[PDB]
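K.L.:
My structure is below; once you've seen it, I'll send some questions.
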Amino acid sequence: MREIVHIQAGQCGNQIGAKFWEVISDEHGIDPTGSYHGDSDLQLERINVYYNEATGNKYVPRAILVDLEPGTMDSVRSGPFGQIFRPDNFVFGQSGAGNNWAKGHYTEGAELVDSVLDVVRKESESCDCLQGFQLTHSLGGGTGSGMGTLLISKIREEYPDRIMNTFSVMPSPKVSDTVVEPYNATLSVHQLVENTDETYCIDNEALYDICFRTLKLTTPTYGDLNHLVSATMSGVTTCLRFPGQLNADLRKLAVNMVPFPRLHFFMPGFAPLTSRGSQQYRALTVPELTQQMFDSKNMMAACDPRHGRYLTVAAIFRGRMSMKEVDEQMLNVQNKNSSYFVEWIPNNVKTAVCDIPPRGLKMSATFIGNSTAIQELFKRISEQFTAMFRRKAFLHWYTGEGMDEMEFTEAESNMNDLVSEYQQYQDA
Amino acid sequence: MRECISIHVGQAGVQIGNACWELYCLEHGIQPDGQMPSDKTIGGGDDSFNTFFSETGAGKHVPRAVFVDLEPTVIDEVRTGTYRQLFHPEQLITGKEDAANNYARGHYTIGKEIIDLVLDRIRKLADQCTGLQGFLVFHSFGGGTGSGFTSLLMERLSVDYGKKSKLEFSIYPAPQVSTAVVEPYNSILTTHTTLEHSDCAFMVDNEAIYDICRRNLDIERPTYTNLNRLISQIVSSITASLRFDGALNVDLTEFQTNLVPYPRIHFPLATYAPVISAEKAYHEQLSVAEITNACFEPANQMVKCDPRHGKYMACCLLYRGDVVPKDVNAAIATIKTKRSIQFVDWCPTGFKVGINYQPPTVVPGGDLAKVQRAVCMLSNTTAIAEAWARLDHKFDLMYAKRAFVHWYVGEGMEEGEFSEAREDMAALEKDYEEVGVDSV
Ligand SMILES: Nc1nc2c(ncn2[C@@H]2O[C@H](COP(=O)(O)OP(=O)(O)OP(=O)(O)O)[C@@H](O)[C@H]2O)c(=O)[nH]1
Ligand SMILES: Nc1nc2c(ncn2[C@@H]2O[C@H](COP(=O)(O)OP(=O)(O)O)[C@@H](O)[C@H]2O)c(=O)[nH]1
Ligand SMILES: [Ca+2]
Ligand SMILES: [Mg+2]
Ligand SMILES: [Mg+2]
């Protein structure tokens, strides 16, 4: 299986989504025209995973852009790689979702969703062998969160044997738009637990902290946060995009990473951590990459890895380096810290190497972990949800769109089940 | 798209309308004839200022606004005055006989004669909108038209436009400029009647504004003109997010999400800074930290009450002009380790911030200094309930004797509308107390 269909929803979804296509396009040698101007053949070998060929010979991203507002999509279209997207893959309403999950999922989103599925079907039909879908969205707003999870439900109904994966941005009070973000996040998680196969948890708390503590940026913008996201995203999709042995498609990644169907929320990690523009001149040694990629301070989800156990780990090393030194360092980490890797999944750490480094670095490592420490992320959202929900505060925004309190109670309970299910395996 | 229609009701609504619209024209470079040279798209457009102005084929930019008074003399001043070419005659609606400081007359006797005509003129503005967001209603609490007609109009708009948002700018009465003994009655009757029909209401206490004018601007005896110029600055700060765009601009609707935790709890406290004379601004720049600090000084509030003695449920800062997030965050961090800011336990404590880059404008001949940066804080505090407690007390003193009640009964109202309106106010005061109690 080859083709992945990419969907980006809402302001956050479309902003990280645009950056993703920007970064991977440069790696595959594709320019704003859709014209290849690269040297290596490794660049084109698996280009069909993400790109359509339309005679030119031009490469068109298999990408559908979705919003309930036109704003951020006009931003994308007049942005750097804006011309590359298929204009018919732009699907927008006018009325917005007002950071309201109920509007995205039930009222405004319901009005727009069929048009999105027409574009999904049109893209799915040109595929030799569709692998499945990736979605970029946030959980804190209304469109990416409410409408994004509506879309996932409808995509699963029409394609139940395909893999569904998400890059899901979790909200934090540190970088926050509205007080209702915990409501929107809890309702979205409930969906994600049932209808995705694999979810990369991108924690805005973590991205903020990395920017503040490590990159010495005193006031991080979304741009700074998204630079970390696009690097992580390029990293986690390396094995899908380039010639390679393991985690080479979406189903094989799921089979190695997900021991129990509900526990499919991954903590990504990246090394070296770099800020935008400002370059680093000294390449990292393989021992340094390996130490940094496993460091809590390189994690994109604000969870302490020492507070849990790793179920499974995938590690991707990028650049020209010694594969023998990689195996040794990877083996050294596990042997040194063996109590943090569950002993009932043997050889639960898999490593891949790709020759092509990302732009502006000679060496990089990407970490994908399924840790039971992710539970800290869900506990945090749960705490914020309950603080409001016990006084039913802000609920009228949701009941006004037809929702009952019961739906909140159920979504909370399911998220608490997920928490305690993680705790079960951290002690087994 | 996102159009907003303004409705200015009665003397106070209308005169505040004049001030706001004059100021909007200066903010966007629109001339008194409606021409705006900088607007290259003739007869239409989807720019930010189009939320408030429509455009004719001849290049005229026209307020999306209706002015309504039951008497003709305040609206005749708009008709013959500086900005008379701005408005199509059909946007300015007058009767002949006013409500004589009586809510019953504004709501029933006189107002029922003109209500169908007003809703027809509103309908004509709405029909020109491609994506109508909602209404901004300007009125006094104390006047007969401002209270009775506004409450009638709000009820009817709920019928004709469903749940389309309605925001109020409501002039709360003060003894220094008030014109009727019965203003406490009119205030309680309108507040009870419109409470279910309104999404958000900005109360402007005429005494807070009178004090600020006397104290900060050194005006011995402020007139309506003084008060209105300052009110328009505050209204402008609130609507600036709708009328301009920019990277760090944050839409009013998004502040509203944070500001209204329960439908009845919908009365934000506005505080504005800096209010300073030309004489004192000279050579003295107010920094971001200075203006943000001034937001937590109670003498700068639009309603007299003390937030230090209640609890916060939300805090929003709307900056305009030369302001960057770095400085905002530094100023906020200082204030947090130095001020009396206690939140209820059920809401998070982070301040929500928007910045518009376009700096404040002042009107020629006015009293305020042209500054490089300004701020409007909108907070949701339990302290706003003090303003209700004061009006309710005044209402109770007169109502226990039925003083002036015959004027309302003579117009067809029953005593049961009074006790009912009063009970709703008692329940509102109670609601404000309950939201400030800690959780179990
Ligand atoms: N801030 C401000 N307040 C005003 C102005 N005009 C009147 N008021 C206040 O509004 C109240 C009186 O109501 P008006 O708005 O004059 O009355 P109306 O709505 O015209 O009602 P009637 O004349 O009774 O039909 C008093 O509290 C006044 O001080 C004004 O231009 N500015
Ligand atoms: N990391 C990141 N988070 C964002 C970005 N834009 C918005 N957010 C976050 O996304 C959430 C709001 O959702 P947003 O995508 O704006 O709303 P939507 O358009 O209705 O889906 C909040 O948690 C914001 O902190 C972005 O560009 N990057
Ligand atoms: Ca125009
Ligand atoms: Mg947003
Ligand atoms: Mg009058």
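Chain lettering (A, B, ...) mirrors the order of the structure tokens, residue numbering begins at 1 for each chain separately, and ligand numbering begins at 1 in order of display.
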Could you write out as number ranges by chain the residues of chain B within 7 Å of chain A, counting only C-alpha atoms?

P.N.:
B: 254, 257-258, 261-263, 326, 346-347, 350

K.L.:
Write the residues you've just listed into a file as a JSON list (two decimals), in the first residue's frame, and include N, CA and C atoms for each of them.

P.N.:
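Here's the written file result-v2.json:
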```
[["chain", "number", "residue", "atom", "x", "y", "z"],
["B", 254, "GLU", "N", -14.84, 36.15, 20.66],
["B", 254, "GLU", "CA", -13.94, 35.26, 21.36],
["B", 254, "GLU", "C", -13.71, 35.72, 22.82],
["B", 257, "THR", "N", -16.94, 34.57, 24.82],
["B", 257, "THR", "CA", -16.87, 33.20, 25.29],
["B", 257, "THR", "C", -16.34, 33.17, 26.72],
["B", 258, "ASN", "N", -15.25, 33.90, 26.98],
["B", 258, "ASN", "CA", -14.67, 33.97, 28.33],
["B", 258, "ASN", "C", -15.48, 34.82, 29.29],
["B", 261, "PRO", "N", -20.13, 33.23, 31.70],
["B", 261, "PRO", "CA", -20.13, 31.87, 32.18],
["B", 261, "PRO", "C", -21.54, 31.24, 32.32],
["B", 262, "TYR", "N", -22.58, 32.07, 32.51],
["B", 262, "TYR", "CA", -23.99, 31.63, 32.58],
["B", 262, "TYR", "C", -24.77, 32.70, 31.85],
["B", 263, "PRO", "N", -25.87, 32.34, 31.13],
["B", 263, "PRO", "CA", -26.55, 33.42, 30.33],
["B", 263, "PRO", "C", -26.88, 34.71, 31.10],
["B", 326, "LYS", "N", 5.45, 41.11, 24.45],
["B", 326, "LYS", "CA", 6.53, 41.06, 25.47],
["B", 326, "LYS", "C", 6.27, 42.02, 26.65],
["B", 346, "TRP", "N", -13.57, 28.06, 40.26],
["B", 346, "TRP", "CA", -14.02, 27.31, 39.11],
["B", 346, "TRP", "C", -13.60, 27.93, 37.76],
["B", 347, "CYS", "N", -12.82, 29.00, 37.77],
["B", 347, "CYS", "CA", -12.39, 29.47, 36.46],
["B", 347, "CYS", "C", -10.88, 29.71, 36.42],
["B", 350, "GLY", "N", -5.69, 32.95, 33.87],
["B", 350, "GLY", "CA", -4.98, 33.66, 32.78],
["B", 350, "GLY", "C", -5.78, 34.82, 32.18]]
```

K.L.:
Give me the residues within 12 Å of residue 155 in chain A as a PyMOL selection string, counting only C-alpha atoms and dropping any in the same chain fewer than 6 places off.

P.N.:
chain A and resi 5+7+113-114+116-121+124+132-135+148-149+161-165+195-196

K.L.:
Throw together the list of residues within 6 Å of ligand 5, counting only C-alpha atoms and all ligand atoms, and drop it here as a list in words.

P.N.:
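I would give the residues around ligand 5 as residues 10, 11 and 98 of chain B.
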
K.L.:
If you count only C-alpha atoms and all ligand atoms, which residues end up within 12 Å of ligand 4, as an MDAnalysis selection string?

P.N.:
(chainID A and resid 9:15 67:69 71:72 96:100 137:145 171 175:178 181 222) or (chainID B and resid 247:251 253:255)

K.L.:
Give the answer as one residue: which of A:192, A:315, A:187, A:150 has the shortest atom-to-atom distance to residue 381 in chain A, using only C-alpha atoms?

P.N.:
A:187

K.L.:
Let me make sure I understand: among B:6, B:352, B:102, B:333, which one has the smallest atom-to-atom distance to ligand 2 if we use only C-alpha atoms and all ligand atoms?

P.N.:
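Closest to ligand 2 of all the choices is B:352.
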
K.L.:
How would you report the residues lying within 8 Å of ligand 3, as a list in words, if you count only C-alpha atoms and all ligand atoms?

P.N.:
residues 39, 40, 41, 42, 43, 44, 45, 46, 47, 50, 55 and 59 of chain B

K.L.:
Excluding range 374-391 of chain B and any residue of its chain fewer than 6 positions from it, enumerate the residues within 8 Å of it, using only C-alpha atoms, and give them as a PyMOL selection string.

P.N.:
chain B and resi 184+187-188+234+237-238+259-260+267-274+291-292+295+303-307+309-321+359-360+425+429+432-433+435-436

K.L.:
Could you pull out the residues sitting within 6 Å of ligand 1, using only C-alpha atoms and all ligand atoms, and write them as a PyMOL selection string?

P.N.:
chain B and resi 10-12+15-16+70+98-102+140+142-146+173+177-179+206+224+227-228

K.L.:
What lies within 9 Å of range 365-371 of chain B using only C-alpha atoms, ignoring chain neighbours under 3 positions off, as a list in words?

P.N.:
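Everything that qualifies: residues 213, 217, 219, 226, 229, 230, 274, 275, 276, 277, 278, 279, 280, 281, 282, 285, 286, 321, 359, 360, 361, 362 and 374 of chain B.
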
K.L.:
Those selected residues, please, written with C-alpha atoms and delivered as a short mmCIF file (atom, residue, chain, number, x, y, z; two decimals), in the first residue's frame.

P.N.:
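Written out: result00.cif:
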```cif
data_model
loop_
_atom_site.label_atom_id
_atom_site.label_comp_id
_atom_site.auth_asym_id
_atom_site.auth_seq_id
_atom_site.Cartn_x
_atom_site.Cartn_y
_atom_site.Cartn_z
CA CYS B 213 -14.05 63.95 33.43
CA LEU B 217 -9.55 65.94 32.52
CA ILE B 219 -13.53 69.72 33.61
CA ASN B 226 -17.74 65.71 27.55
CA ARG B 229 -16.60 61.81 23.84
CA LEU B 230 -15.16 59.66 26.55
CA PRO B 274 -5.15 56.48 29.79
CA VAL B 275 -7.55 59.40 30.30
CA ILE B 276 -5.32 62.41 30.34
CA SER B 277 -5.38 66.07 29.24
CA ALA B 278 -3.17 67.43 26.48
CA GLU B 279 -1.43 69.64 29.19
CA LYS B 280 -0.40 66.56 31.22
CA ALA B 281 0.43 64.22 28.31
CA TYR B 282 3.02 66.65 26.99
CA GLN B 285 4.63 58.99 27.56
CA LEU B 286 2.48 56.36 29.30
CA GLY B 321 -1.67 51.32 19.25
CA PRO B 359 -3.60 53.89 17.66
CA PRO B 360 -6.45 55.90 19.21
CA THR B 361 -7.75 58.97 17.46
CA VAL B 362 -9.25 61.97 19.07
CA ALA B 374 -4.44 52.67 25.07
#
```
